[PDB]
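K.L.:
TSV, C-alpha atoms and all ligand atoms, file coords35.tsv:
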chain	number	residue	atom	x	y	z
A	1	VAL	CA	175.98	70.86	75.11
A	2	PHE	CA	177.15	71.74	78.61
A	3	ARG	CA	179.22	69.49	80.82
A	4	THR	CA	179.25	70.51	84.48
A	5	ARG	CA	179.81	69.05	87.93
A	6	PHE	CA	176.04	68.58	87.95
A	7	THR	CA	175.70	66.57	84.74
A	8	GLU	CA	178.71	64.46	85.73
A	9	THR	CA	177.56	63.82	89.30
A	10	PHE	CA	173.97	62.88	88.47
A	11	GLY	CA	174.50	61.38	85.02
A	12	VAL	CA	172.13	63.55	82.99
A	13	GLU	CA	172.61	65.30	79.64
A	14	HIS	CA	171.69	68.87	80.61
A	15	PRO	CA	172.52	70.98	83.71
A	16	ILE	CA	168.79	71.50	84.23
A	17	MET	CA	166.60	70.10	86.99
A	18	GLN	CA	162.84	69.93	87.56
A	19	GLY	CA	162.47	69.89	91.34
A	20	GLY	CA	159.58	69.14	93.65
A	21	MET	CA	156.13	70.26	92.53
A	22	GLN	CA	153.25	69.36	94.84
A	23	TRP	CA	150.17	68.17	92.89
A	24	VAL	CA	151.92	68.77	89.56
A	25	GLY	CA	154.97	66.52	89.90
A	26	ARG	CA	153.38	63.35	88.55
A	27	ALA	CA	154.45	60.70	86.03
A	28	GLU	CA	153.75	62.85	82.95
A	29	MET	CA	155.84	65.77	84.20
A	30	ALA	CA	158.83	63.74	85.37
A	31	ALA	CA	158.91	61.48	82.31
A	32	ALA	CA	158.82	64.49	79.98
A	33	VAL	CA	161.78	66.11	81.74
A	34	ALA	CA	163.74	62.85	82.00
A	35	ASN	CA	163.18	62.15	78.29
A	36	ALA	CA	164.22	65.76	77.61
A	37	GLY	CA	167.65	65.24	79.15
A	38	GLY	CA	167.20	66.92	82.53
A	39	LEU	CA	167.03	65.69	86.12
A	40	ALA	CA	163.34	65.08	86.84
A	41	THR	CA	161.52	64.45	90.11
A	42	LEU	CA	158.24	62.83	91.08
A	43	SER	CA	156.61	64.53	94.06
A	44	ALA	CA	156.45	61.99	96.89
A	45	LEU	CA	153.84	63.77	99.01
A	46	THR	CA	151.62	64.38	95.99
A	47	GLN	CA	150.88	60.67	96.28
A	48	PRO	CA	148.46	59.95	99.20
A	49	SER	CA	150.31	56.89	100.50
A	50	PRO	CA	153.66	55.10	100.28
A	51	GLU	CA	151.85	52.47	98.20
A	52	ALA	CA	150.45	55.13	95.87
A	53	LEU	CA	154.00	56.45	95.37
A	54	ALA	CA	155.33	53.01	94.45
A	55	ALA	CA	152.60	52.77	91.83
A	56	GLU	CA	153.33	56.25	90.44
A	57	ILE	CA	157.02	55.40	90.08
A	58	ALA	CA	156.01	52.33	88.09
A	59	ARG	CA	153.67	54.43	85.94
A	60	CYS	CA	156.49	56.91	85.28
A	61	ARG	CA	158.82	54.09	84.24
A	62	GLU	CA	156.26	53.14	81.59
A	63	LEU	CA	156.63	56.62	80.09
A	64	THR	CA	160.42	56.89	80.30
A	65	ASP	CA	163.36	54.49	80.37
A	66	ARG	CA	165.66	57.18	81.75
A	67	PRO	CA	166.38	57.53	85.50
A	68	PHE	CA	164.53	60.15	87.54
A	69	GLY	CA	164.50	61.27	91.14
A	70	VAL	CA	161.92	61.83	93.84
A	71	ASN	CA	161.27	64.93	95.92
A	72	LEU	CA	160.56	64.46	99.61
A	73	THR	CA	159.28	67.66	101.18
A	74	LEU	CA	159.25	67.74	104.97
A	75	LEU	CA	155.91	69.31	105.86
A	76	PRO	CA	156.03	71.34	109.10
A	77	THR	CA	152.46	70.14	109.65
A	78	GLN	CA	151.38	68.47	112.89
A	79	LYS	CA	149.31	65.79	111.15
A	80	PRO	CA	151.38	62.56	111.20
A	81	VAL	CA	153.03	61.67	107.89
A	82	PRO	CA	154.66	58.22	107.40
A	83	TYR	CA	157.88	59.84	106.14
A	84	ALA	CA	159.87	56.73	107.07
A	85	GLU	CA	157.55	54.57	104.96
A	86	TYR	CA	157.72	56.95	102.01
A	87	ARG	CA	161.52	56.80	102.21
A	88	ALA	CA	161.36	53.01	102.35
A	89	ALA	CA	159.18	52.97	99.23
A	90	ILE	CA	161.57	55.28	97.38
A	91	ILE	CA	164.58	53.10	98.22
A	92	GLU	CA	162.80	49.80	97.55
A	93	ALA	CA	161.83	51.17	94.11
A	94	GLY	CA	165.46	51.65	93.10
A	95	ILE	CA	165.41	55.45	92.95
A	96	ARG	CA	169.03	56.65	92.72
A	97	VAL	CA	168.56	60.34	93.56
A	98	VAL	CA	166.29	62.25	95.91
A	99	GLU	CA	165.65	65.95	96.42
A	100	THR	CA	164.88	66.73	100.05
A	101	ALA	CA	163.44	70.01	101.27
A	102	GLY	CA	162.14	71.37	104.55
A	103	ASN	CA	163.42	71.52	108.11
A	104	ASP	CA	165.45	68.83	109.88
A	105	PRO	CA	166.25	66.61	106.84
A	106	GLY	CA	169.12	64.91	108.68
A	107	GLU	CA	167.30	61.70	109.58
A	108	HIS	CA	166.18	61.13	105.99
A	109	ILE	CA	169.49	62.13	104.40
A	110	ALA	CA	171.40	59.59	106.50
A	111	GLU	CA	168.98	56.79	105.64
A	112	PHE	CA	169.19	57.55	101.91
A	113	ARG	CA	172.99	57.67	102.16
A	114	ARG	CA	173.10	54.24	103.83
A	115	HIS	CA	171.42	52.78	100.74
A	116	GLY	CA	173.53	54.48	98.11
A	117	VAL	CA	170.84	57.01	97.18
A	118	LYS	CA	172.32	60.41	96.29
A	119	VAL	CA	170.75	63.43	97.95
A	120	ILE	CA	170.18	66.98	96.71
A	121	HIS	CA	168.96	69.27	99.49
A	122	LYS	CA	167.08	72.47	98.65
A	123	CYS	CA	168.23	75.32	100.96
A	124	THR	CA	167.32	79.00	101.30
A	125	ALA	CA	170.50	80.20	103.01
A	126	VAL	CA	174.25	79.64	103.06
A	127	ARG	CA	174.16	78.43	106.68
A	128	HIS	CA	171.58	75.78	105.75
A	129	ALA	CA	173.55	74.63	102.71
A	130	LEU	CA	176.65	74.26	104.91
A	131	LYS	CA	174.80	72.21	107.52
A	132	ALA	CA	173.46	70.01	104.72
A	133	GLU	CA	176.97	69.65	103.27
A	134	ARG	CA	178.34	68.58	106.66
A	135	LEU	CA	175.60	65.94	106.75
A	136	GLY	CA	176.99	64.52	103.51
A	137	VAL	CA	174.57	65.52	100.75
A	138	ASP	CA	175.76	65.13	97.17
A	139	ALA	CA	174.69	68.61	96.14
A	140	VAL	CA	172.75	71.58	97.41
A	141	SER	CA	169.99	73.48	95.63
A	142	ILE	CA	170.22	77.17	96.56
A	143	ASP	CA	166.70	78.67	96.50
A	144	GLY	CA	166.68	82.45	96.15
A	145	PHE	CA	164.09	85.12	96.99
A	146	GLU	CA	162.73	84.86	93.42
A	147	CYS	CA	161.49	81.28	93.87
A	148	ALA	CA	157.95	79.95	93.78
A	149	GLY	CA	157.29	78.22	97.11
A	150	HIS	CA	159.16	78.81	100.38
A	151	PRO	CA	162.14	81.22	100.09
A	152	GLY	CA	162.71	81.42	103.85
A	153	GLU	CA	162.79	84.73	105.72
A	154	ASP	CA	166.18	86.27	104.82
A	155	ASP	CA	164.99	87.76	101.52
A	156	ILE	CA	168.25	87.33	99.60
A	157	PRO	CA	167.92	87.09	95.78
A	158	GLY	CA	170.02	84.69	93.72
A	159	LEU	CA	172.33	87.39	92.35
A	160	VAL	CA	173.85	87.68	95.83
A	161	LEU	CA	172.87	84.39	97.48
A	162	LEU	CA	174.52	82.24	94.80
A	163	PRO	CA	178.01	83.80	94.87
A	164	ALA	CA	177.76	83.95	98.67
A	165	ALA	CA	177.11	80.20	98.72
A	166	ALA	CA	179.76	79.46	96.09
A	167	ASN	CA	182.25	81.30	98.32
A	168	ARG	CA	181.79	78.69	101.06
A	169	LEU	CA	180.43	75.39	99.69
A	170	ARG	CA	182.43	72.56	98.11
A	171	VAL	CA	179.77	70.19	96.74
A	172	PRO	CA	178.06	71.11	93.46
A	173	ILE	CA	175.51	73.93	93.58
A	174	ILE	CA	172.17	74.03	91.80
A	175	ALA	CA	170.69	77.53	91.39
A	176	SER	CA	166.95	77.69	92.09
A	177	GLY	CA	164.36	80.44	91.71
A	178	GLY	CA	163.88	82.95	88.91
A	179	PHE	CA	165.37	80.92	86.04
A	180	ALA	CA	163.59	80.27	82.75
A	181	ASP	CA	166.02	80.47	79.82
A	182	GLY	CA	169.59	80.39	78.55
A	183	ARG	CA	170.32	83.86	79.93
A	184	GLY	CA	169.47	82.61	83.40
A	185	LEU	CA	171.55	79.46	82.90
A	186	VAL	CA	174.71	81.40	82.00
A	187	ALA	CA	174.16	83.83	84.87
A	188	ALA	CA	173.77	80.90	87.26
A	189	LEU	CA	176.93	79.23	85.95
A	190	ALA	CA	178.96	82.45	86.13
A	191	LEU	CA	177.80	83.05	89.71
A	192	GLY	CA	179.22	79.72	90.83
A	193	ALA	CA	176.38	77.25	90.26
A	194	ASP	CA	176.70	74.11	88.12
A	195	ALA	CA	173.05	73.88	87.06
A	196	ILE	CA	169.64	75.48	87.44
A	197	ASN	CA	166.43	74.15	88.93
A	198	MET	CA	163.07	75.36	87.63
A	199	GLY	CA	159.43	75.03	88.64
A	200	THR	CA	157.27	77.75	87.06
A	201	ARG	CA	158.93	77.29	83.64
A	202	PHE	CA	157.88	73.63	83.64
A	203	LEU	CA	154.28	74.52	84.42
A	204	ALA	CA	154.28	76.20	81.02
A	205	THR	CA	155.14	73.15	78.92
A	206	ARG	CA	153.00	70.86	76.80
A	207	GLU	CA	153.49	67.77	78.98
A	208	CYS	CA	152.76	69.39	82.35
A	209	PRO	CA	149.54	67.61	83.47
A	210	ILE	CA	147.55	70.70	84.43
A	211	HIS	CA	144.55	72.57	83.01
A	212	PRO	CA	145.31	74.75	79.95
A	213	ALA	CA	143.85	77.78	81.76
A	214	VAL	CA	146.69	77.62	84.30
A	215	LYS	CA	149.33	77.55	81.58
A	216	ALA	CA	147.58	80.53	79.98
A	217	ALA	CA	147.62	82.43	83.28
A	218	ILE	CA	151.38	81.97	83.61
A	219	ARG	CA	151.94	83.22	80.07
A	220	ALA	CA	149.74	86.28	80.65
A	221	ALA	CA	151.25	87.08	84.06
A	222	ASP	CA	154.10	89.60	84.37
A	223	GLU	CA	156.91	89.58	86.95
A	224	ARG	CA	154.89	91.62	89.47
A	225	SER	CA	151.98	89.16	89.71
A	226	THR	CA	152.90	87.06	92.75
A	227	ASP	CA	152.16	87.46	96.46
A	228	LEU	CA	154.18	86.49	99.54
A	229	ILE	CA	151.69	84.97	101.95
A	230	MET	CA	152.14	84.02	105.60
A	231	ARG	CA	155.00	86.46	106.17
A	232	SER	CA	153.44	87.35	109.53
A	233	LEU	CA	153.72	83.67	110.46
A	234	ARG	CA	157.35	83.25	109.39
A	235	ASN	CA	156.08	80.67	106.89
A	236	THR	CA	156.48	82.86	103.80
A	237	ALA	CA	155.40	81.36	100.48
A	238	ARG	CA	155.40	82.98	97.04
A	239	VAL	CA	152.20	82.21	95.19
A	240	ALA	CA	150.30	83.34	92.12
A	241	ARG	CA	148.40	86.53	92.92
A	242	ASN	CA	144.68	85.80	92.98
A	243	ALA	CA	141.59	86.61	95.04
A	244	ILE	CA	142.63	84.03	97.64
A	245	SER	CA	146.20	85.19	98.25
A	246	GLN	CA	144.95	88.79	98.34
A	247	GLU	CA	142.43	87.84	101.02
A	248	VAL	CA	145.15	86.11	103.04
A	249	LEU	CA	147.17	89.32	102.86
A	250	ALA	CA	144.18	91.32	104.11
A	251	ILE	CA	143.76	88.98	107.08
A	252	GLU	CA	147.43	89.25	108.07
A	253	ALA	CA	147.34	93.03	107.71
A	254	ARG	CA	144.63	93.26	110.38
A	255	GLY	CA	147.18	91.77	112.76
A	256	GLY	CA	146.86	89.04	115.36
A	257	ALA	CA	146.26	86.43	112.66
A	258	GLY	CA	147.10	82.77	113.17
A	259	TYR	CA	147.33	79.83	110.77
A	260	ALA	CA	143.85	78.75	111.89
A	261	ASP	CA	142.52	82.03	110.49
A	262	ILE	CA	143.73	81.08	107.00
A	263	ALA	CA	143.89	77.28	106.94
A	264	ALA	CA	140.66	77.11	104.93
A	265	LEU	CA	141.95	79.54	102.30
A	266	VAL	CA	145.47	78.14	101.84
A	267	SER	CA	144.07	74.60	101.94
A	268	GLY	CA	146.01	72.19	99.75
A	269	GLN	CA	142.85	70.31	98.81
A	270	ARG	CA	141.52	73.63	97.57
A	271	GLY	CA	144.74	74.57	95.78
A	272	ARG	CA	145.08	71.29	93.91
A	273	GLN	CA	141.78	72.02	92.15
A	274	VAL	CA	143.39	75.02	90.48
A	275	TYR	CA	145.53	72.67	88.38
A	276	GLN	CA	142.67	70.25	87.74
A	277	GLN	CA	139.70	72.54	87.04
A	278	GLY	CA	141.66	75.54	85.78
A	279	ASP	CA	139.95	78.02	88.13
A	280	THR	CA	142.88	80.21	89.17
A	281	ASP	CA	140.86	81.66	92.07
A	282	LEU	CA	139.69	78.41	93.66
A	283	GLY	CA	142.70	78.47	95.94
A	284	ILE	CA	146.40	79.08	96.51
A	285	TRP	CA	148.78	77.81	93.85
A	286	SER	CA	152.55	78.25	93.51
A	287	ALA	CA	154.12	80.43	90.85
A	288	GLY	CA	157.32	82.46	90.68
A	289	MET	CA	157.94	86.01	89.49
A	290	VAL	CA	159.85	84.38	86.63
A	291	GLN	CA	156.41	83.94	85.02
A	292	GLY	CA	157.05	87.44	83.69
A	293	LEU	CA	159.68	85.97	81.35
A	294	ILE	CA	157.39	83.19	80.14
A	295	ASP	CA	154.93	83.58	77.27
A	296	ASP	CA	155.04	80.25	75.42
A	297	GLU	CA	154.35	76.53	75.86
A	298	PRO	CA	157.06	74.33	74.30
A	299	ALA	CA	157.47	70.58	74.64
A	300	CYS	CA	160.02	69.80	77.36
A	301	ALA	CA	162.44	68.34	74.79
A	302	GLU	CA	162.71	71.49	72.68
A	303	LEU	CA	162.66	73.68	75.81
A	304	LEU	CA	165.78	72.18	77.36
A	305	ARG	CA	167.37	72.01	73.91
A	306	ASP	CA	166.68	75.71	73.33
A	307	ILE	CA	167.93	76.70	76.78
A	308	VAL	CA	171.36	75.11	76.35
A	309	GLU	CA	171.72	76.30	72.74
A	310	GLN	CA	170.78	79.84	73.78
A	311	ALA	CA	173.26	79.68	76.66
A	312	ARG	CA	175.98	78.37	74.31
A	313	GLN	CA	175.33	81.21	71.87
A	314	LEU	CA	175.41	83.79	74.67
A	315	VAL	CA	178.90	82.59	75.57
A	316	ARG	CA	180.39	82.18	72.08
A	317	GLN	CA	178.61	85.06	70.35
A	318	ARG	CA	177.59	87.77	72.83
A	319	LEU	CA	180.27	87.39	75.52
A	320	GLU	CA	183.26	86.35	73.39
A	321	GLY	CA	182.21	89.10	70.99
A	322	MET	CA	182.65	91.72	73.72
A	323	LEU	CA	186.12	90.29	74.34
A	324	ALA	CA	187.12	90.46	70.68
A	401	LIG	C1	153.16	74.36	91.36
A	401	LIG	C2	154.47	74.33	92.15
A	401	LIG	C3	154.57	73.35	93.24
A	401	LIG	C4	155.82	73.28	94.01
A	401	LIG	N1	155.97	72.35	95.04
A	401	LIG	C5	157.05	72.10	95.87
A	401	LIG	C6	157.09	71.12	96.87
A	401	LIG	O1	156.19	70.34	97.15
A	401	LIG	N2	158.34	71.05	97.58
A	401	LIG	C7	159.48	71.86	97.39
A	401	LIG	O2	160.49	71.70	98.06
A	401	LIG	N3	159.38	72.81	96.39
A	401	LIG	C8	158.23	72.94	95.65
A	401	LIG	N4	158.08	73.91	94.59
A	401	LIG	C9	159.31	74.81	94.33
A	401	LIG	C10	160.18	74.29	93.16
A	401	LIG	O3	160.70	73.00	93.45
A	401	LIG	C11	161.36	75.23	92.86
A	401	LIG	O4	162.27	75.26	93.95
A	401	LIG	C12	160.88	76.67	92.47
A	401	LIG	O5	159.78	76.61	91.53
A	401	LIG	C13	161.93	77.48	91.77
A	401	LIG	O6	161.41	78.74	91.39
A	401	LIG	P1	160.92	79.08	89.93
A	401	LIG	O7	159.47	78.79	89.97
A	401	LIG	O8	161.16	80.53	89.83
A	401	LIG	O9	161.64	78.19	88.97
A	401	LIG	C14	156.94	74.13	93.76
A	401	LIG	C15	156.82	75.11	92.67
A	401	LIG	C16	155.62	75.23	91.86
A	401	LIG	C17	155.65	76.32	90.74
Just give me the structure of the file as structure tokens.
P.N.:
Amino acid sequence: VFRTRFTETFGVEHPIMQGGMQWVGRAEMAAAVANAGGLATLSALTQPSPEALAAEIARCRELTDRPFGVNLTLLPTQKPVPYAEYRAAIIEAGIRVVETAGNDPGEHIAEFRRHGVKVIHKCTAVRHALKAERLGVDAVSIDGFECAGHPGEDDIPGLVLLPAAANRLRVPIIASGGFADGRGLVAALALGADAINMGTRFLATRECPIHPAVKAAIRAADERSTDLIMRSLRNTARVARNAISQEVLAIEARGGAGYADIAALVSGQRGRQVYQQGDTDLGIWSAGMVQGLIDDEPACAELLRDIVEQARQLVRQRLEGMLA
């Protein structure tokens, strides 16, 4: 329906991407999005070892014959992670596109480039997107304040961050954070982006491999039901508001709090159980304020189809109508 610099550059049907999703970004998710016409990604670090990732890629290929990418998130953790080996596994597997995120991606970007693997780098500021562009990425994903996950510390929403980035960048731009439907798509495109990336919206789909209680929580949640944890540590993350995030906020409020004082609460091992068991209070789980615009659970195929058709109608009916 839409042809943009994004669809042309990455060879996909729709200007819609399903970026990194720790714990959730497995074969079922990626295959559903790939089969739906969008740019899908398997979460590399969701797999416990480079070998596990190779196997997951194979499993995904059994569910879809269409190409998909892999997200490589650079954890600021101190516990050694065989990043180099994960990269090697991604390349050896024939992956043609990778979405990198985190600090100091340079080393990985260069390696991927040497092997003809395109790179999309998720950034939270214009200065970061520019540095990434100078490093040679194929596109930049501009994550705004609205996003689930790490929005950085500048607190600039997409309405301003996107045009600000479009004013300076040359490579294609992917808008990320706060998008869920055709209205968001058109807004993103008008602001200077060539596609939209979504996370929360994909949690609320039939194929997303998570407990039905989580999908129900997203539908029931309004736009004001998310918390920004670890702001006092300059490691801000937007998560679903629950007993855990609220407790983390209480701890930070007391002042003099360090990561060690919350490591047990924000634990990833604890958060992954939210998606598996469906207990939304077991731990911290990512969700964006965009949940307030979500109240259904379509199959990924119809979802993407409806988004582009809605966007098309907004242009040809609503907007052109105002001009007539
Ligand atoms: C459950 C969940 C897990 C996520 N995991 C990661 C991750 O491991 N790495 C990363 O760079 N972004 C991660 N994200 C962020 C998304 O890739 C995307 O940038 C964000 O969801 C966009 O905001 P939206 O939720 O409003 O669409 C995650 C988001 C969700 C909802």
K.L.:
Residues near region 129-140 of chain A, anyone? I mean within 6 Å using only C-alpha atoms, not counting same-chain ones fewer than 3 positions away, as an MDAnalysis selection string.
P.N.:
chainID A and resid 118:123 126 171:173
K.L.:
Keeping only C-alpha atoms, write those residues as a CSV table (one decimal), in the coordinates of the input.
P.N.:
chain,number,residue,atom,x,y,z
A,118,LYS,CA,172.3,60.4,96.3
A,119,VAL,CA,170.8,63.4,98.0
A,120,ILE,CA,170.2,67.0,96.7
A,121,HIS,CA,169.0,69.3,99.5
A,122,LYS,CA,167.1,72.5,98.6
A,123,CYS,CA,168.2,75.3,101.0
A,126,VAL,CA,174.2,79.6,103.1
A,171,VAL,CA,179.8,70.2,96.7
A,172,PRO,CA,178.1,71.1,93.5
A,173,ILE,CA,175.5,73.9,93.6
K.L.:
Around the point (154.2, 57.7, 91.5) (coordinates from the file), which residues reach within 8 Å if we count all atoms listed in the file? Answer as JSON, numbers by chain.
P.N.:
{"A": [26, 27, 42, 43, 44, 47, 52, 53, 54, 55, 56, 57, 58, 59, 60]}
K.L.:
Rounded to one decimal in Å, what is the spacing between CA of residue 264 (chain A) and CA of residue 239 (chain A)?
P.N.:
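Computed distance, CA of residue 264 (chain A) to CA of residue 239 (chain A), equals 15.9 Å.
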K.L.:
At a cut-off of 10 Å, using all atoms listed in the file, what residues contact region 220-236 of chain A? Leave out same-chain residues fewer than 6 positions from it and give the result as a ChimeraX atom specification.
P.N.:
/A:76,146,148-153,178,214,242,245-249,251-253,255-259,262,266,284,286-296
K.L.:
From the set A:111, A:281, A:28, A:13, which residue has the shortest atom-to-atom contact distance to residue 243 (chain A), counting all atoms listed in the file?
P.N.:
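So, comparing all the options, the nearest one is A:281.
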K.L.:
One decimal, in Å: what's the spacing between CA of residue 324 (chain A) and CA of residue 4 (chain A)?
P.N.:
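Result for CA of residue 324 (chain A) versus CA of residue 4 (chain A): 25.5 Å, one decimal.
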K.L.:
For CA of residue 77 (chain A) and CA of residue 90 (chain A), determine how far apart the two atoms are, in Å to one decimal place.
P.N.:
21.3 Å
K.L.:
Counting only C-alpha atoms, which of A:39, A:117, A:21, A:185 gets nearest to residue 310 (chain A)?
P.N.:
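Checking each candidate against residue 310 (chain A), we get A:185 as the closest.
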K.L.:
Tell me, as a VMD selection string, which residues lie within 9 Å of residue 31 (chain A), counting all atoms listed in the file; anything in the same chain fewer than 3 positions away does not count.
P.N.:
chain A and resid 26 to 28 34 to 36 40 to 42 60 to 66 68 207
K.L.:
Have region 155-167 of chain A completed to N, CA and C atoms, please, and pass it along as a PDB file, in the coordinates of the input.
P.N.:
ATOM      1  N   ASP A 155     165.222  86.909 102.677  1.00  0.00           N
ATOM      2  CA  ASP A 155     164.990  87.760 101.520  1.00  0.00           C
ATOM      3  C   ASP A 155     166.268  88.129 100.765  1.00  0.00           C
ATOM      4  N   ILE A 156     167.017  87.109 100.357  1.00  0.00           N
ATOM      5  CA  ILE A 156     168.250  87.330  99.600  1.00  0.00           C
ATOM      6  C   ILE A 156     168.072  86.731  98.205  1.00  0.00           C
ATOM      7  N   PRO A 157     168.076  87.577  97.159  1.00  0.00           N
ATOM      8  CA  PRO A 157     167.920  87.090  95.780  1.00  0.00           C
ATOM      9  C   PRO A 157     169.135  86.301  95.314  1.00  0.00           C
ATOM     10  N   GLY A 158     168.948  85.517  94.256  1.00  0.00           N
ATOM     11  CA  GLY A 158     170.020  84.690  93.720  1.00  0.00           C
ATOM     12  C   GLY A 158     171.288  85.405  93.294  1.00  0.00           C
ATOM     13  N   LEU A 159     171.161  86.636  92.808  1.00  0.00           N
ATOM     14  CA  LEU A 159     172.330  87.390  92.350  1.00  0.00           C
ATOM     15  C   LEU A 159     173.383  87.506  93.448  1.00  0.00           C
ATOM     16  N   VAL A 160     172.935  87.563  94.700  1.00  0.00           N
ATOM     17  CA  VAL A 160     173.850  87.680  95.830  1.00  0.00           C
ATOM     18  C   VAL A 160     173.971  86.368  96.601  1.00  0.00           C
ATOM     19  N   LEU A 161     172.862  85.651  96.738  1.00  0.00           N
ATOM     20  CA  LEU A 161     172.870  84.390  97.480  1.00  0.00           C
ATOM     21  C   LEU A 161     173.747  83.317  96.833  1.00  0.00           C
ATOM     22  N   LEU A 162     173.733  83.245  95.505  1.00  0.00           N
ATOM     23  CA  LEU A 162     174.520  82.240  94.800  1.00  0.00           C
ATOM     24  C   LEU A 162     176.034  82.431  94.971  1.00  0.00           C
ATOM     25  N   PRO A 163     176.558  83.638  94.689  1.00  0.00           N
ATOM     26  CA  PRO A 163     178.010  83.800  94.870  1.00  0.00           C
ATOM     27  C   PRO A 163     178.407  83.664  96.344  1.00  0.00           C
ATOM     28  N   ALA A 164     177.502  84.050  97.239  1.00  0.00           N
ATOM     29  CA  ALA A 164     177.760  83.950  98.670  1.00  0.00           C
ATOM     30  C   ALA A 164     177.900  82.476  99.048  1.00  0.00           C
ATOM     31  N   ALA A 165     177.066  81.629  98.450  1.00  0.00           N
ATOM     32  CA  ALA A 165     177.110  80.200  98.720  1.00  0.00           C
ATOM     33  C   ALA A 165     178.334  79.568  98.063  1.00  0.00           C
ATOM     34  N   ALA A 166     178.611  79.979  96.831  1.00  0.00           N
ATOM     35  CA  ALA A 166     179.760  79.460  96.090  1.00  0.00           C
ATOM     36  C   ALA A 166     181.065  79.771  96.824  1.00  0.00           C
ATOM     37  N   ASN A 167     181.079  80.881  97.559  1.00  0.00           N
ATOM     38  CA  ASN A 167     182.250  81.300  98.320  1.00  0.00           C
ATOM     39  C   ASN A 167     182.579  80.331  99.465  1.00  0.00           C
TER      40      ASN A 167
END
